[PDB]
Amino acid sequence: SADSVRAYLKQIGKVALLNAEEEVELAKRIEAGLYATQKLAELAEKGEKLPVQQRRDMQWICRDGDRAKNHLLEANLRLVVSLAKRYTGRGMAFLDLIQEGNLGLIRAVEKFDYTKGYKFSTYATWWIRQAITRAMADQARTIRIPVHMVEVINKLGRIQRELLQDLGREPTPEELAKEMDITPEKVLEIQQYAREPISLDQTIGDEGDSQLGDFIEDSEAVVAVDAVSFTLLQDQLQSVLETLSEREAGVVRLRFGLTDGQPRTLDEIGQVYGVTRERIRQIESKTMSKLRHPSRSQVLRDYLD
Amino acid sequence: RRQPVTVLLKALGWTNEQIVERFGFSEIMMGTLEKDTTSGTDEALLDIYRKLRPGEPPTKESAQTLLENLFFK
Amino acid sequence: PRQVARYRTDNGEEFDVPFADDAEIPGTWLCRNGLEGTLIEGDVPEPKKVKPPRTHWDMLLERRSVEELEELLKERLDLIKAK
DNA sequence: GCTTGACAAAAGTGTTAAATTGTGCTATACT
């Protein structure tokens, strides 16, 4: 077919819908094959290979079981599609909705119970709907939001729609936080989570074919004037420290990690010069008041920022 | 494309006699129905069906409502 | 100031991962290949608190008792004996 | 020039409670 969904519908339509008696039939075969498998698997541990005729028939019970599971599924594929139709346009592709429903359909088959005497579509509808809605919460947003948060965002929406109809207006943050039994500050934080991103490849203004993306600055880009002045600042400090003593400057450099880039603690500097941390604290205060001396500081003033 | 204008007049169910009746002085009107190999009002609706809904096997219930639902509805 | 460890994925490939020497080398590392890899050194320390996933049999067992399965199977094989 | 002890702020660690997050499930019948 021309379309992709039209192609999938063609093949799901080639199967026949079961009646109540058949569903019960397949259900038995599925459980029969599973137990036949678990029992034979129990033999693998302790051996005791079965007779020839008893082994060939057990291998068929299992094969007939999986043939049942596959037939029960293929017969109910139409049900998944019927439920997925209503959840389109909400941010998921129709086929993805179908496939996720198929995942739910599979578990319905695994957990379905035929002794309850209920039609299959009654129990499977729960899983297929949950599988589809659970899927949307995990995939429909570029920036994923966990299920419990997607649960509140929706609830807040209906409250706003119901509150919208009773007040002939949109409710304010206080009315919404009241109807939902939450703090107004919370409803704001929630309304920020619900925001969805926009496309950088979008065209801002059909008038001028200007793509939004190319209007975005690079905040982390290197600024030439600053890096050059910073290089000049780095030189001016080298000179100012030349006025200080060999140990005065040596402690200043290690204290702020000018050479290594790794600052050092008072005790660690006292470990290279062989003194206590307090002595280094003292040498620090004096060299700092020396740097504060206007002769050395006047040159560095213009580097405030 | 690939549609003989006469085949659809058979899709509605009008018999060839009415074609010679209504067409009248039209020369190509008569010459086209003689050229078309479609026989029957329900068979022309099928030649119109598979080309409009390719890939879908039709049904007498869907082939007839196809034309009406497309325009008349 | 780095120590290099080597891991081997399940399919044979091997990858070099530079670490800091002062750090404790992990026994497994998500590799550039996309699979888990095992250290080629001593350990190999742990089983990593694994629990088997849930299977179709489990879901069937929690509803049908083992006896109910036997009779249903007896129904099926007897139907097979009739030919 | 430097060291010692008292000391409090600051920084890490380990231990717990609160919170956040993932997953399973819902049986009139509905294709």
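Only the coordinates and a few stated rules stand behind these numbers; no lab work does. All Cβ positions, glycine included, derive from the backbone under ideal geometry; neighbour counts span all protein chains shown.
Within segment A:22-61, which residues are within 14 Å of chain C (Cβ to nearest Cβ) and aliphatic (A, V, I, L, M)?
A:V24, A:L26, A:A27, A:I30, A:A32, A:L34, A:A36, A:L40, A:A41, A:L50, A:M58, A:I61
Checking the structure you have, find out if any residue of segment A:33-49 is among the hydroxyl-bearing types (S, T, Y) and not in a helix (DSSP H, G or I).
No, that holds for no residue.
Which residue, of A:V81, A:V109, is within 14 Å of another protein chain (Cβ to nearest Cβ) and not polar (S, T, N, Q)?
A:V109
When you look at A:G101, is it more than 7 Å from DNA strand D (Cβ to nearest atom), away from chain C (no Cβ under 14 Å) and within 25 Å of C:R63 (Cβ to Cβ), yes or no?
So A:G101 fits the description; yes.
Determine which member of the set A:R29, A:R107 is more than 30 Å from B:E56 (Cβ to Cβ), under 32 Å from the mean Cα position of the chain (by Cα) and either more than 16 Å from DNA strand D (Cβ to nearest atom) or outside any loop (DSSP other than H, G, I, E, B) (or both).
Just a single option satisfies the conditions, and that option is A:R107.
Hey, can you tell me all the residues within segment A:115-125 that are within 14 Å of chain C (Cβ to nearest Cβ) and near DNA strand D (Cβ under 6 Å from one of its atoms)?
Those that are within 14 Å of chain C (Cβ to nearest Cβ) and near DNA strand D (Cβ under 6 Å from one of its atoms): A:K116, A:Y118, A:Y123.
Within segment C:10-23, can one find any residue that is away from DNA strand D (no atom under 16 Å from the Cβ), part of a strand (DSSP E or B) and β-branched (V, I, T)?
Taking every residue of segment C:10-23 in turn, at least one turns out to be away from DNA strand D (no atom under 16 Å from the Cβ), part of a strand (DSSP E or B) and β-branched (V, I, T).
In segment A:10-21, which residue that is within 10 Å of DNA strand D (Cβ to nearest atom) and assigned to a helix (DSSP H, G or I) is nearest to the other protein chains (Cβ to nearest Cβ)?
The selected residue is A:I12.
Any residue in segment A:265-282 that's more than 14 Å from chain C (Cβ to nearest Cβ): show its pairings with residues that are outside any helix (DSSP H, G or I) and within 8 Å of DNA strand D (Cβ to nearest atom) at Cβ separation under 7 Å, as long as the two are six or more apart or on different chains.
That search, which allows pairs on different chains as well, returns A:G270/A:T276.
Any idea which residue in segment A:171-193 is surrounded by the most Cβ atoms within 10 Å (Cβ to Cβ), counting only those that are of a type outside the set (A, V, I, L, M) and touching a residue at least 24 places away in the same chain (Cβ under 8 Å)?
Here the answer is A:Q191.
Report yes if some residue within segment B:35-43 is of a type in the set (S, T, Y), part of a helix (DSSP H, G or I) and over 30 Å from A:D3 (Cα atoms); otherwise report no.
Among the residues of segment B:35-43, not one is of a type in the set (S, T, Y), part of a helix (DSSP H, G or I) and over 30 Å from A:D3 (Cα atoms), which makes the answer no.
One residue is enough: does segment A:60-67 have a residue meeting the conditions part of a helix (DSSP H, G or I), more than 39 Å from the chain's Cα centre (by Cα) and acidic (D, E)?
Yes; the residues of segment A:60-67 include at least one that is part of a helix (DSSP H, G or I), more than 39 Å from the chain's Cα centre (by Cα) and acidic (D, E).
Pick from A:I128, A:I132, A:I61, A:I145: which is more than 12 Å from DNA strand D (Cβ to nearest atom), surrounded by 15 or more Cβ atoms within 10 Å (Cβ to Cβ) and in contact (Cβ under 8 Å) with a residue 12 or more places away in the chain?
The conditions single out A:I61.
Check C:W57 against each of (1) part of a strand (DSSP E or B); (2) within 14 Å of chain A (Cβ to nearest Cβ); (3) among the aromatic types (F, W, Y) and name the one condition it does not meet.
Status for C:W57: all satisfied but (1).
Could you list, in sequence order, all residues of segment A:276-299 that are small (G, A, S) and within 16 Å of DNA strand D (Cβ to nearest atom)?
Residues satisfying the conditions are A:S285, A:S289.
Just wondering, is there one or more residues in segment A:72-89 that are away from DNA strand D (no atom under 16 Å from the Cβ) and of a type outside the set (K, R)?
yes
Which count do you get for residues in segment A:245-275 that are within 11 Å of DNA strand D (Cβ to nearest atom) and small (G, A, S)?
The qualifying residues number 3.
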